[PDB]
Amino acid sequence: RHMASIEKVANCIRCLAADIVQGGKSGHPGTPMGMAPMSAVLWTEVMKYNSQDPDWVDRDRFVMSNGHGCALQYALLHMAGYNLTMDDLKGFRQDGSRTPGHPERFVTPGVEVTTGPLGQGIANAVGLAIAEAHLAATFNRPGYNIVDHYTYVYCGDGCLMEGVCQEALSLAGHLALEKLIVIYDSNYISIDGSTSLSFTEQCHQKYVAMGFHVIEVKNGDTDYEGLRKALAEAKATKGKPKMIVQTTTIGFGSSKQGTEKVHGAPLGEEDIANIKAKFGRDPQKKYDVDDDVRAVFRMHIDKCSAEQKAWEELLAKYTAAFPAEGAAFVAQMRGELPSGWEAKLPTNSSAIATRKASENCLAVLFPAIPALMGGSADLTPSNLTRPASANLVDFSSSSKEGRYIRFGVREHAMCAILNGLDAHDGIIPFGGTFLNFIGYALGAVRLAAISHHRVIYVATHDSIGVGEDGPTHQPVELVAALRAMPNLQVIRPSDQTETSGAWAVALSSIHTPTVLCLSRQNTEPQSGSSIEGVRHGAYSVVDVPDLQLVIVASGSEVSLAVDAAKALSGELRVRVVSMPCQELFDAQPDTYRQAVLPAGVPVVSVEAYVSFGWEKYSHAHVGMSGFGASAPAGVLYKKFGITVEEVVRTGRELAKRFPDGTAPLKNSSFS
């Protein structure tokens, strides 16, 4: 029944964090010890959450952007009563534990997104805040405040130095995300040592200039009243995102506090013993949480638990007065798609750019899938991600119900924000940009793959087809890179029908991110295209019995393969295989793959990209050998030898070299 003082709670946190890192013989004790005071106040007095229900949809979201200090989050999750035991803590950074080196979504209860790569968390948080603001504007009604929570995000010096972070904070300021509260742990230390070695900005002046309401707590090591007031002011102030700048001593309490030595290595048994004694704690007991400290957390959680119950009742009344909205709310938060959407997608007609084919799909999808939310990185009129017929409204501080986000020229932040939007629940996010600049955001793309986020990237201008912009704008090696990436779908549709198929696949992939590679130039529609085919990854668009050659292609090059096949009609019986998504094809059973790419039959692949990686399917490739050039698309295709005649010549030589079932077996056949 006795309640520990806020200081006792803070010191308990500091020590548990230290023991966690020590037990793992690896980790970062520094930051966790420095942010303990703020965490104590935040987790036992301010933040709204239920440790018995991590899935409560109206809970405040918490994100630790400086993921290396996750020992702190694990300690807090345990003390608060989440399903994370002392055994989990003792398994820190060890094989198969629920407590890996950096926060991982799904691995640990209470962790919203996976961080570690600096700057990502901050951008994820911006996405989490955008989601709350948009859903509140969409579902809230007079007398029914069913969506109302804050987004709290910890970050360090490392985070602020990263461009992805600067991009996100910039957009957050512009969007005036008032419920976003960034807690910046300023302790003047990084791996190299003092921050003055490479980072000396007037942060307060800087973030105010970016539209942030900055609140300083000069002594974040012991000023509990300051910490309390800072959070209260942050919640009270409106119209701007907040940034609480607390000045703290990294590794506070340790003999090596305030130095880079406590950044990423265990403090050691002796130093830990002195730290405990210094705080008046037993220097002999490890992983020891006082029962009166647990009582403080329990009292807080009981209050929030009551809030949830009260919230559940409100949603019940809400659902009664608004049957339809209630059903939608429940449906969106589950990520369910209104039925009948796929059948509404467009099919081939006139020759158009798959870029336009994507727009035609969004013209149908926006109205059919209210959860859909997306935008472009200042390439709206180029990516064609905002169909006029959809009558879209831009998301802004003055129109939070808007569904189109103007990301500005911020590819990296855009992709990281998409992860945040997905992590929230109730949103199906997509973002557009030129395929070549997805390279600017591979840091976020990788995390979408690791965290199993359903995010969609509308990547237009996918090749030399771009034309005049030149080599710096023409991808030739990026698709290969994305294809090497685990759990990532890279779909390159050939026409309207395959494009609708691509969106269908992207939308139904609940745990896999998808890159839609779209062309700038028109492509000729194929009569053999189908959504069912796209779902299989690869399939025949042109078949013939007892085939002597297979020509596999994707996107804008399928027409070349088809024409090449015609030109070879009299000589060879050629099958043309459209392969929009290699990841889906590889996942098909052996019998299906054997039926598409029969062993022993020579295969020629055609794609305006480098050949790297194609050896797993073809015996010869007609594509790029280097970077592009500045000239009209048509000129570039002839220039680089990516033509029908070249395909015909290559197919002819292959058939000649490997006649009747003698084509070299590929690794997949005997693997």
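Numbers follow the displayed sequence, beginning with 1.
- Between the stretches 155-163 and 260-268, it is 260-268 that shows the larger average CA temperature factor.
- When the mean C-alpha temperature factors of 572-580 and 136-144 are read from the deposited coordinates, 136-144 comes out higher.
- The PDB entry assigns its highest CA temperature factor, among 115, 519, 489, 219, to 219.
- For the set 422, 87, 477, 290, the maximum C-alpha B-factor listed in the entry falls on 290.
- The entry lists a Cα temperature factor for residue 178 that places it in the middle third of the chain's modelled residues.
- Among all modelled residues in this chain, the alpha-carbon of residue 615 has a temperature factor (C-alpha) in the middle third.
- Ranked against the other modelled residues of its chain, the C-alpha B-factor of residue 60 as given in the entry falls in the lowest third.
- In this PDB entry, residue 591 carries a Cα temperature factor that places it within the highest third of its chain's modelled residues.
- In the PDB entry, a CA B factor belonging to the middle third of its chain's modelled residues is recorded for residue 395.
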